[PDB]
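The data block below is entry32.tsv; it holds TSV, N, CA and C atoms.
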```tsv
chain	number	residue	atom	x	y	z
A	1	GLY	N	164.24	-17.42	165.27
A	1	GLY	CA	165.26	-18.21	164.60
A	1	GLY	C	166.51	-18.37	165.45
A	2	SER	N	167.66	-18.49	164.78
A	2	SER	CA	168.93	-18.66	165.48
A	2	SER	C	170.10	-18.26	164.59
A	3	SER	N	170.55	-17.02	164.73
A	3	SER	CA	171.66	-16.51	163.93
A	3	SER	C	172.43	-15.44	164.70
A	4	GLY	N	173.70	-15.27	164.35
A	4	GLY	CA	174.53	-14.28	165.01
A	4	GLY	C	175.59	-13.70	164.10
A	5	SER	N	176.71	-13.30	164.68
A	5	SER	CA	177.80	-12.72	163.90
A	5	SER	C	179.15	-13.02	164.56
A	6	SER	N	179.78	-14.10	164.13
A	6	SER	CA	181.08	-14.50	164.68
A	6	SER	C	182.21	-14.11	163.73
A	7	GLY	N	182.96	-13.07	164.11
A	7	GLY	CA	184.06	-12.62	163.28
A	7	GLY	C	184.71	-11.36	163.83
A	8	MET	N	185.96	-11.48	164.26
A	8	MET	CA	186.69	-10.35	164.81
A	8	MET	C	187.53	-9.67	163.73
A	9	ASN	N	187.94	-8.43	163.99
A	9	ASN	CA	188.75	-7.68	163.04
A	9	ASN	C	190.22	-8.06	163.16
A	10	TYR	N	190.77	-7.95	164.36
A	10	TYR	CA	192.16	-8.29	164.60
A	10	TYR	C	193.09	-7.40	163.77
A	11	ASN	N	193.47	-6.26	164.33
A	11	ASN	CA	194.35	-5.32	163.64
A	11	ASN	C	195.23	-4.57	164.64
A	12	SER	N	196.26	-3.91	164.12
A	12	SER	CA	197.17	-3.15	164.96
A	12	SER	C	197.59	-1.85	164.28
A	13	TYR	N	198.07	-0.90	165.07
A	13	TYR	CA	198.50	0.39	164.54
A	13	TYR	C	199.57	1.01	165.43
A	14	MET	N	200.12	2.14	164.98
A	14	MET	CA	201.16	2.83	165.74
A	14	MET	C	200.85	4.32	165.84
A	15	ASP	N	201.38	4.96	166.88
A	15	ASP	CA	201.16	6.38	167.09
A	15	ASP	C	202.38	7.19	166.66
A	16	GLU	N	203.55	6.56	166.71
A	16	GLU	CA	204.79	7.22	166.32
A	16	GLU	C	204.99	8.51	167.11
A	17	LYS	N	205.25	8.37	168.41
A	17	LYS	CA	205.46	9.52	169.28
A	17	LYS	C	206.95	9.69	169.60
A	18	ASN	N	207.43	10.92	169.48
A	18	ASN	CA	208.83	11.22	169.76
A	18	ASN	C	208.97	12.08	171.01
A	19	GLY	N	209.95	11.75	171.85
A	19	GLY	CA	210.17	12.50	173.07
A	19	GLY	C	211.00	13.75	172.84
A	20	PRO	N	211.29	14.48	173.93
A	20	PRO	CA	212.08	15.72	173.86
A	20	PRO	C	213.54	15.45	173.53
A	21	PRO	N	214.28	16.52	173.20
A	21	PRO	CA	215.70	16.43	172.86
A	21	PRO	C	216.57	16.08	174.06
A	22	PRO	N	217.84	15.74	173.80
A	22	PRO	CA	218.38	15.71	172.44
A	22	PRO	C	217.81	14.56	171.62
A	23	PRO	N	218.05	14.60	170.30
A	23	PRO	CA	217.56	13.57	169.37
A	23	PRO	C	218.28	12.24	169.56
A	24	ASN	N	217.99	11.29	168.68
A	24	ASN	CA	218.61	9.97	168.75
A	24	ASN	C	220.09	10.04	168.38
A	25	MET	N	220.37	10.49	167.16
A	25	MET	CA	221.74	10.61	166.69
A	25	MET	C	221.79	11.33	165.34
A	26	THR	N	222.81	12.16	165.16
A	26	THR	CA	222.98	12.91	163.92
A	26	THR	C	223.07	11.98	162.72
A	27	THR	N	222.84	12.53	161.53
A	27	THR	CA	222.90	11.74	160.31
A	27	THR	C	223.92	12.32	159.33
A	28	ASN	N	223.61	13.50	158.79
A	28	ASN	CA	224.51	14.16	157.84
A	28	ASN	C	224.42	15.67	157.98
A	29	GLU	N	225.42	16.37	157.46
A	29	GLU	CA	225.45	17.83	157.52
A	29	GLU	C	226.33	18.40	156.41
A	30	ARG	N	225.81	18.38	155.19
A	30	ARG	CA	226.55	18.89	154.04
A	30	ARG	C	227.92	18.24	153.93
A	31	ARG	N	227.93	16.91	153.81
A	31	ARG	CA	229.18	16.16	153.71
A	31	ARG	C	229.16	15.24	152.49
A	32	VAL	N	230.04	15.51	151.54
A	32	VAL	CA	230.13	14.71	150.32
A	32	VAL	C	231.58	14.44	149.94
A	33	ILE	N	231.86	13.20	149.54
A	33	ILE	CA	233.21	12.82	149.14
A	33	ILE	C	233.32	12.68	147.63
A	34	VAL	N	232.21	12.29	147.00
A	34	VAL	CA	232.18	12.12	145.55
A	34	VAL	C	230.77	12.33	145.00
A	35	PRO	N	230.68	13.04	143.87
A	35	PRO	CA	229.40	13.32	143.21
A	35	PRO	C	228.77	12.08	142.60
A	36	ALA	N	229.57	11.32	141.85
A	36	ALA	CA	229.09	10.11	141.21
A	36	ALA	C	230.21	9.41	140.45
A	37	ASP	N	230.56	9.96	139.29
A	37	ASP	CA	231.62	9.39	138.47
A	37	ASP	C	232.79	10.36	138.35
A	38	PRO	N	233.96	9.83	137.97
A	38	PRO	CA	235.18	10.62	137.81
A	38	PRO	C	235.11	11.56	136.60
A	39	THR	N	234.17	11.29	135.71
A	39	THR	CA	233.99	12.10	134.51
A	39	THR	C	233.21	13.37	134.82
A	40	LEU	N	232.36	13.31	135.84
A	40	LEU	CA	231.56	14.45	136.24
A	40	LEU	C	232.08	15.06	137.54
A	41	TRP	N	233.38	15.33	137.57
A	41	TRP	CA	234.01	15.92	138.75
A	41	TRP	C	234.19	17.42	138.58
A	42	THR	N	234.46	18.11	139.68
A	42	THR	CA	234.66	19.56	139.66
A	42	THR	C	236.10	19.92	139.98
A	43	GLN	N	236.39	21.22	139.97
A	43	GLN	CA	237.74	21.70	140.26
A	43	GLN	C	238.10	21.45	141.73
A	44	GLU	N	237.08	21.39	142.58
A	44	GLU	CA	237.29	21.16	144.00
A	44	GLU	C	237.49	19.67	144.29
A	45	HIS	N	236.65	18.84	143.68
A	45	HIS	CA	236.74	17.39	143.87
A	45	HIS	C	238.13	16.88	143.51
A	46	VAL	N	238.81	17.61	142.62
A	46	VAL	CA	240.15	17.23	142.20
A	46	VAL	C	241.19	17.62	143.24
A	47	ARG	N	240.88	18.65	144.03
A	47	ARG	CA	241.79	19.12	145.06
A	47	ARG	C	241.53	18.39	146.38
A	48	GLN	N	240.29	18.45	146.85
A	48	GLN	CA	239.92	17.80	148.10
A	48	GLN	C	240.34	16.34	148.10
A	49	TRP	N	240.16	15.67	146.97
A	49	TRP	CA	240.52	14.27	146.84
A	49	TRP	C	242.00	14.06	147.14
A	50	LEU	N	242.85	14.82	146.47
A	50	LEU	CA	244.29	14.71	146.67
A	50	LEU	C	244.66	14.98	148.13
A	51	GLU	N	244.22	16.12	148.65
A	51	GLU	CA	244.50	16.48	150.03
A	51	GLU	C	244.01	15.41	150.99
A	52	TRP	N	242.99	14.67	150.57
A	52	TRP	CA	242.42	13.61	151.39
A	52	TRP	C	243.29	12.35	151.34
A	53	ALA	N	243.55	11.87	150.13
A	53	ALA	CA	244.37	10.68	149.94
A	53	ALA	C	245.71	10.82	150.65
A	54	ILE	N	246.38	11.95	150.42
A	54	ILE	CA	247.68	12.20	151.03
A	54	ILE	C	247.59	12.10	152.55
A	55	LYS	N	246.40	12.35	153.09
A	55	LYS	CA	246.19	12.28	154.53
A	55	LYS	C	245.89	10.85	154.97
A	56	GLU	N	244.82	10.28	154.43
A	56	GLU	CA	244.43	8.92	154.77
A	56	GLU	C	245.57	7.94	154.48
A	57	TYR	N	245.92	7.82	153.20
A	57	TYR	CA	246.98	6.92	152.79
A	57	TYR	C	248.32	7.32	153.42
A	58	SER	N	248.45	8.60	153.74
A	58	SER	CA	249.67	9.11	154.34
A	58	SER	C	250.85	8.95	153.40
A	59	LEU	N	250.74	9.55	152.21
A	59	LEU	CA	251.80	9.48	151.22
A	59	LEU	C	252.94	10.44	151.55
A	60	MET	N	253.87	10.59	150.62
A	60	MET	CA	255.01	11.49	150.82
A	60	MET	C	255.65	11.86	149.48
A	61	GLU	N	255.93	13.14	149.30
A	61	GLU	CA	256.54	13.62	148.06
A	61	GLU	C	255.63	13.37	146.87
A	62	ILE	N	254.65	14.25	146.68
A	62	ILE	CA	253.71	14.12	145.58
A	62	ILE	C	253.42	15.47	144.94
A	63	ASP	N	253.29	15.48	143.62
A	63	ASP	CA	253.01	16.71	142.88
A	63	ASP	C	251.60	17.21	143.18
A	64	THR	N	251.48	18.51	143.45
A	64	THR	CA	250.20	19.12	143.75
A	64	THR	C	249.80	20.14	142.69
A	65	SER	N	250.80	20.82	142.14
A	65	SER	CA	250.56	21.83	141.11
A	65	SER	C	249.84	21.22	139.91
A	66	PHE	N	250.05	19.93	139.69
A	66	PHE	CA	249.43	19.23	138.58
A	66	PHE	C	247.92	19.10	138.80
A	67	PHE	N	247.52	19.04	140.06
A	67	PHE	CA	246.11	18.92	140.41
A	67	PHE	C	245.57	20.22	140.99
A	68	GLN	N	246.15	21.34	140.56
A	68	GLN	CA	245.73	22.65	141.03
A	68	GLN	C	244.44	23.09	140.35
A	69	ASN	N	244.28	22.70	139.09
A	69	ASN	CA	243.09	23.05	138.32
A	69	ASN	C	242.92	22.13	137.12
A	70	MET	N	243.06	20.83	137.36
A	70	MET	CA	242.93	19.84	136.29
A	70	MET	C	241.47	19.40	136.14
A	71	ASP	N	241.04	19.23	134.90
A	71	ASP	CA	239.67	18.81	134.62
A	71	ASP	C	239.43	17.39	135.10
A	72	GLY	N	238.27	17.17	135.73
A	72	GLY	CA	237.94	15.85	136.23
A	72	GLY	C	238.07	14.77	135.17
A	73	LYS	N	237.79	15.13	133.92
A	73	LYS	CA	237.88	14.19	132.82
A	73	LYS	C	239.34	13.83	132.53
A	74	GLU	N	240.22	14.81	132.65
A	74	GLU	CA	241.64	14.59	132.40
A	74	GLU	C	242.21	13.54	133.35
A	75	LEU	N	241.71	13.54	134.58
A	75	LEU	CA	242.16	12.59	135.59
A	75	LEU	C	241.97	11.16	135.11
A	76	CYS	N	241.00	10.95	134.24
A	76	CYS	CA	240.71	9.63	133.70
A	76	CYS	C	241.70	9.27	132.59
A	77	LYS	N	241.98	10.24	131.73
A	77	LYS	CA	242.91	10.03	130.62
A	77	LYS	C	244.31	9.71	131.13
A	78	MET	N	244.62	10.20	132.33
A	78	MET	CA	245.93	9.96	132.93
A	78	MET	C	246.17	8.46	133.13
A	79	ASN	N	247.29	7.98	132.62
A	79	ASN	CA	247.64	6.56	132.74
A	79	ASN	C	248.84	6.37	133.65
A	80	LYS	N	249.30	5.13	133.78
A	80	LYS	CA	250.44	4.82	134.62
A	80	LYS	C	251.64	5.70	134.27
A	81	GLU	N	251.74	6.08	133.00
A	81	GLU	CA	252.83	6.92	132.53
A	81	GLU	C	252.60	8.38	132.93
A	82	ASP	N	251.45	8.91	132.55
A	82	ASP	CA	251.10	10.29	132.87
A	82	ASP	C	251.20	10.55	134.37
A	83	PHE	N	250.71	9.59	135.15
A	83	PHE	CA	250.74	9.71	136.61
A	83	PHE	C	252.16	9.57	137.14
A	84	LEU	N	252.96	8.76	136.45
A	84	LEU	CA	254.35	8.53	136.85
A	84	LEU	C	255.14	9.83	136.82
A	85	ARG	N	254.78	10.72	135.90
A	85	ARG	CA	255.46	12.00	135.76
A	85	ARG	C	255.12	12.93	136.92
A	86	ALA	N	253.94	12.72	137.51
A	86	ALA	CA	253.49	13.53	138.63
A	86	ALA	C	253.97	12.95	139.96
A	87	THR	N	253.88	11.64	140.09
A	87	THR	CA	254.30	10.96	141.31
A	87	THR	C	254.95	9.61	140.99
A	88	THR	N	255.51	8.97	142.02
A	88	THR	CA	256.16	7.68	141.85
A	88	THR	C	255.15	6.60	141.50
A	89	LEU	N	255.65	5.42	141.16
A	89	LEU	CA	254.79	4.29	140.80
A	89	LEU	C	253.95	3.85	142.00
A	90	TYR	N	254.59	3.77	143.16
A	90	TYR	CA	253.90	3.36	144.38
A	90	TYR	C	252.66	4.22	144.62
A	91	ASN	N	252.78	5.51	144.33
A	91	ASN	CA	251.67	6.45	144.51
A	91	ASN	C	250.68	6.34	143.36
A	92	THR	N	251.20	6.17	142.15
A	92	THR	CA	250.35	6.06	140.97
A	92	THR	C	249.37	4.90	141.10
A	93	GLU	N	249.79	3.85	141.79
A	93	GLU	CA	248.95	2.67	141.99
A	93	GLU	C	247.86	2.96	143.02
A	94	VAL	N	248.14	3.89	143.92
A	94	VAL	CA	247.18	4.26	144.96
A	94	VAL	C	246.12	5.21	144.42
A	95	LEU	N	246.47	5.94	143.37
A	95	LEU	CA	245.55	6.89	142.75
A	95	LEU	C	244.72	6.21	141.66
A	96	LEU	N	245.40	5.64	140.68
A	96	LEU	CA	244.73	4.96	139.58
A	96	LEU	C	243.73	3.94	140.10
A	97	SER	N	244.14	3.20	141.13
A	97	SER	CA	243.28	2.17	141.72
A	97	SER	C	242.02	2.80	142.31
A	98	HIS	N	242.19	3.93	143.00
A	98	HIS	CA	241.07	4.63	143.61
A	98	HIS	C	240.11	5.16	142.55
A	99	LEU	N	240.67	5.79	141.52
A	99	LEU	CA	239.86	6.35	140.44
A	99	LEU	C	239.17	5.24	139.65
A	100	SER	N	239.76	4.05	139.67
A	100	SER	CA	239.21	2.91	138.95
A	100	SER	C	238.19	2.16	139.82
A	101	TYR	N	238.36	2.27	141.13
A	101	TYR	CA	237.46	1.61	142.07
A	101	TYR	C	236.06	2.21	142.01
A	102	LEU	N	236.00	3.54	141.94
A	102	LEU	CA	234.73	4.24	141.87
A	102	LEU	C	233.92	3.80	140.66
A	103	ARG	N	234.61	3.62	139.53
A	103	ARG	CA	233.95	3.20	138.30
A	103	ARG	C	233.39	1.78	138.44
A	104	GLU	N	234.13	0.93	139.14
A	104	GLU	CA	233.70	-0.45	139.35
A	104	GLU	C	232.33	-0.50	140.02
A	105	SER	N	232.00	0.55	140.76
A	105	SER	CA	230.72	0.62	141.46
A	105	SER	C	229.59	0.95	140.49
A	106	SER	N	229.89	1.80	139.51
A	106	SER	CA	228.90	2.19	138.52
A	106	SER	C	228.35	0.97	137.78
A	107	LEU	N	229.16	-0.08	137.71
A	107	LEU	CA	228.76	-1.31	137.03
A	107	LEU	C	227.42	-1.81	137.55
A	108	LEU	N	227.13	-1.50	138.81
A	108	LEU	CA	225.88	-1.92	139.43
A	108	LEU	C	224.84	-0.81	139.35
A	109	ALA	N	225.31	0.43	139.27
A	109	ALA	CA	224.42	1.58	139.19
A	109	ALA	C	223.53	1.50	137.95
A	110	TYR	N	224.05	0.90	136.89
A	110	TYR	CA	223.30	0.76	135.65
A	110	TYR	C	222.11	-0.17	135.84
A	111	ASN	N	220.95	0.42	136.14
A	111	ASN	CA	219.73	-0.35	136.34
A	111	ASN	C	218.65	0.08	135.36
A	112	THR	N	217.75	-0.84	135.04
A	112	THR	CA	216.66	-0.56	134.11
A	112	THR	C	215.71	0.49	134.67
A	113	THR	N	215.31	0.30	135.93
A	113	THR	CA	214.41	1.23	136.59
A	113	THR	C	213.06	1.28	135.88
A	114	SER	N	212.09	0.54	136.42
A	114	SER	CA	210.75	0.50	135.84
A	114	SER	C	209.81	1.47	136.55
A	115	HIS	N	209.90	2.74	136.17
A	115	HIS	CA	209.05	3.77	136.78
A	115	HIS	C	209.18	3.75	138.30
A	116	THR	N	210.42	3.69	138.78
A	116	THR	CA	210.67	3.67	140.22
A	116	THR	C	211.63	4.78	140.62
A	117	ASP	N	211.45	5.95	140.02
A	117	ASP	CA	212.30	7.10	140.32
A	117	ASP	C	211.60	8.05	141.29
A	118	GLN	N	212.38	8.93	141.91
A	118	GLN	CA	211.84	9.89	142.87
A	118	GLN	C	212.55	11.23	142.75
A	119	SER	N	211.76	12.31	142.75
A	119	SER	CA	212.32	13.65	142.65
A	119	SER	C	212.93	14.10	143.97
A	120	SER	N	213.91	14.99	143.89
A	120	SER	CA	214.59	15.49	145.08
A	120	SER	C	214.09	16.89	145.44
A	121	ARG	N	213.45	17.01	146.59
A	121	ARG	CA	212.92	18.29	147.05
A	121	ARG	C	213.06	18.43	148.56
A	122	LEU	N	214.28	18.25	149.06
A	122	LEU	CA	214.54	18.36	150.49
A	122	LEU	C	215.27	19.65	150.82
A	123	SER	N	214.64	20.49	151.64
A	123	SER	CA	215.23	21.77	152.03
A	123	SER	C	215.32	21.88	153.55
A	124	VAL	N	216.43	22.42	154.03
A	124	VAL	CA	216.65	22.59	155.46
A	124	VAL	C	215.56	23.47	156.08
A	125	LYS	N	215.17	23.14	157.31
A	125	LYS	CA	214.14	23.90	158.01
A	125	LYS	C	214.71	24.55	159.26
A	126	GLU	N	213.95	25.48	159.84
A	126	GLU	CA	214.38	26.18	161.05
A	126	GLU	C	213.21	26.91	161.70
A	127	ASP	N	213.47	27.52	162.85
A	127	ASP	CA	212.44	28.26	163.57
A	127	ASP	C	211.31	27.33	164.01
A	128	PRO	N	210.53	27.77	165.00
A	128	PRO	CA	209.41	27.00	165.54
A	128	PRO	C	208.25	26.89	164.54
```

Write out the structure in this file as C-alpha cells.
Amino acid sequence: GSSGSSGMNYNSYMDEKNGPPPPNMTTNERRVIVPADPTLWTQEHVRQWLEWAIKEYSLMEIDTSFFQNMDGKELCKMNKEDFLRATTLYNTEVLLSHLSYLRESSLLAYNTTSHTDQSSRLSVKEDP
C-alpha cells in the first residue's frame, strides 16, 4: 500500500538552573510598615508611625505622650479637633490624611474572591 505518519510534536521546556552566589538581589527581611487597617493596629504601630512621619515629613513641635500607648482604634476616633489638641492644624492635616489614605486603599481590598485563597506557611530556612 502507501501510508505514513506526518505530524511533529513541536514543544519546549525549561531547566531553571541557578548559578553560584551572590544571589540576584535581596527582597525582604522582616520589614513591615502597616498590618492592614488603622482599626487593627498595635501599640507599636502607633509609635513607629509617629516616629516615622516626624522623620519623613520632617515635622516640628508635636505631642508624643499622647501616642505613648493609644489604642489603634482611638486614632480613628480622633478628629480635626482631637488632633488639634495634640498638634497644630498643619500637622493634623498630615496625620488625618495619612490615616485616611490607608482606608481609601481598603476600598479595593473588598473583593468577592471565588475560591481563590491561599494559606500562609512560609518559614525561614538555614543550614545546608

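For the point (243.1, 13.7, 135.4), the residues with an atom at a distance of at most 10 Å are residues 38, 39, 41, 46, 66, 67, 69, 70, 71, 72, 73, 74, 75, 76, 77, 78, 79, 82, 83, 96 and 99 of chain A, counting only C-alpha atoms.
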
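We find atom C of residue 22 of chain A and atom CA of residue 122 of chain A to be spaced 21.7 Å apart.
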
Quick one: DSSP alpha helix (DSSP H) residues in chain A, as a VMD selection string? chain A and resid 45 to 56 74 to 77 80 to 86 89 to 109

Interatomic distance, atom C of residue 40 of chain A to atom N of residue 125 of chain A (Å, one decimal): 27.2 Å

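Atom C of residue 106 of chain A is found 21.1 Å from atom C of residue 49 of chain A.
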
Rebuild segment 116-128 of chain A to N, CA, C and O atoms - output it as a CSV table (one decimal), keeping the file's coordinate frame, please.
```
chain,number,residue,atom,x,y,z
A,116,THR,N,210.4,3.7,138.8
A,116,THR,CA,210.7,3.7,140.2
A,116,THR,C,211.6,4.8,140.6
A,116,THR,O,212.5,4.6,141.5
A,117,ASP,N,211.4,6.0,140.0
A,117,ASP,CA,212.3,7.1,140.3
A,117,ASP,C,211.6,8.0,141.3
A,117,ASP,O,210.4,8.0,141.5
A,118,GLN,N,212.4,8.9,141.9
A,118,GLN,CA,211.8,9.9,142.9
A,118,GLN,C,212.6,11.2,142.8
A,118,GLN,O,213.8,11.3,142.7
A,119,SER,N,211.8,12.3,142.8
A,119,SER,CA,212.3,13.6,142.6
A,119,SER,C,212.9,14.1,144.0
A,119,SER,O,212.5,13.6,145.0
A,120,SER,N,213.9,15.0,143.9
A,120,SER,CA,214.6,15.5,145.1
A,120,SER,C,214.1,16.9,145.4
A,120,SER,O,214.3,17.8,144.7
A,121,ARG,N,213.4,17.0,146.6
A,121,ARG,CA,212.9,18.3,147.0
A,121,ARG,C,213.1,18.4,148.6
A,121,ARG,O,212.1,18.7,149.3
A,122,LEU,N,214.3,18.2,149.1
A,122,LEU,CA,214.5,18.4,150.5
A,122,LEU,C,215.3,19.6,150.8
A,122,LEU,O,216.4,19.9,150.3
A,123,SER,N,214.6,20.5,151.6
A,123,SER,CA,215.2,21.8,152.0
A,123,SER,C,215.3,21.9,153.6
A,123,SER,O,214.4,21.5,154.3
A,124,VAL,N,216.4,22.4,154.0
A,124,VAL,CA,216.6,22.6,155.5
A,124,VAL,C,215.6,23.5,156.1
A,124,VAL,O,215.1,24.4,155.5
A,125,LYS,N,215.2,23.1,157.3
A,125,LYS,CA,214.1,23.9,158.0
A,125,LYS,C,214.7,24.6,159.3
A,125,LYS,O,215.8,24.2,159.7
A,126,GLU,N,214.0,25.5,159.8
A,126,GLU,CA,214.4,26.2,161.0
A,126,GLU,C,213.2,26.9,161.7
A,126,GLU,O,212.1,26.9,161.2
A,127,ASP,N,213.5,27.5,162.8
A,127,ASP,CA,212.4,28.3,163.6
A,127,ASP,C,211.3,27.3,164.0
A,127,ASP,O,211.1,26.2,163.5
A,128,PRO,N,210.5,27.8,165.0
A,128,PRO,CA,209.4,27.0,165.5
A,128,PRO,C,208.2,26.9,164.5
A,128,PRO,O,208.2,27.7,163.6
```
